[PDB]
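K.L.:
Per the numbering used here, the very first residue in the sequence shown carries number 272; after that it's consecutive.
For each residue, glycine too, the CB sits at the ideal point set by N, CA and C.
Sharing a structure here in structure tokens format.
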Amino acid sequence: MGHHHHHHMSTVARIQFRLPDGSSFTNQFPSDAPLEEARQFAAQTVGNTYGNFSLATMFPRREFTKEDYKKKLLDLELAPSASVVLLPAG
Numbered sequence: 272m273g274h275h276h277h278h279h280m281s282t283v284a285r286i287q288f289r290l291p292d293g294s295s296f297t298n299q300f301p302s303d304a305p306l307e308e309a310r311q312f313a314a315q316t317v318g319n320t321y322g323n324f325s326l327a328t329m330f331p332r333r334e335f336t337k338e339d340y341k342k343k344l345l346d347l348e349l350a351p352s353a354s355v356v357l358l359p360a361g
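Below is the structure:
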């Protein structure tokens with residue numbers, strides 16, 4: 272685009288966990304911390320409600336795989352902010 276200044280403020284990522292309810296909750300996830308943390312954190316809240324929900328990013332909409340969870344957050348460019356999409360099954 273036209274810049275040459277990256278990495279200076281911080282080294283963490285921000286994700287917004289949404290849901291069918293309409294609202295969403297924002298959390299703090301480092302650029303290295305596992306992505307599953309956001310998944311388990313949301314699931315731990317309700318315990319058992321969504322069931323078989325699917326998590327994905329807003330754009331460019333590429334879906335999430337088993338590797339996306341095991342790996343870090345910034346691995347898929349989540350910093351400094353990102354959005355998710357819940358696809359519950361019931």
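1) Along the chain, where does the beta strand (DSSP E) containing residue 296 start, and where does it finish?
2) Within this structure, are the beta carbons of residue 306 and residue 357 separated by less than 8 Å?
3) Start and end of the beta strand (DSSP E) containing residue 316?
4) For residue 343, which option in 316, 309, 334 and 359 has the closest C-alpha, if you only look at C-alpha atoms?
5) May I have the straight-line CA-CA distance separating residue 289 from residue 283, to the nearest angstrom?
P.N.:
Inspection of the coordinates gives the following:
1) Counting along the chain, the beta strand (DSSP E) containing residue 296 begins and ends at 295 to 301.
2) no
3) Element bounds for residue 316: not the beta strand (DSSP E) but the alpha helix (DSSP H), 307 to 317.
4) 309
5) 20 Å
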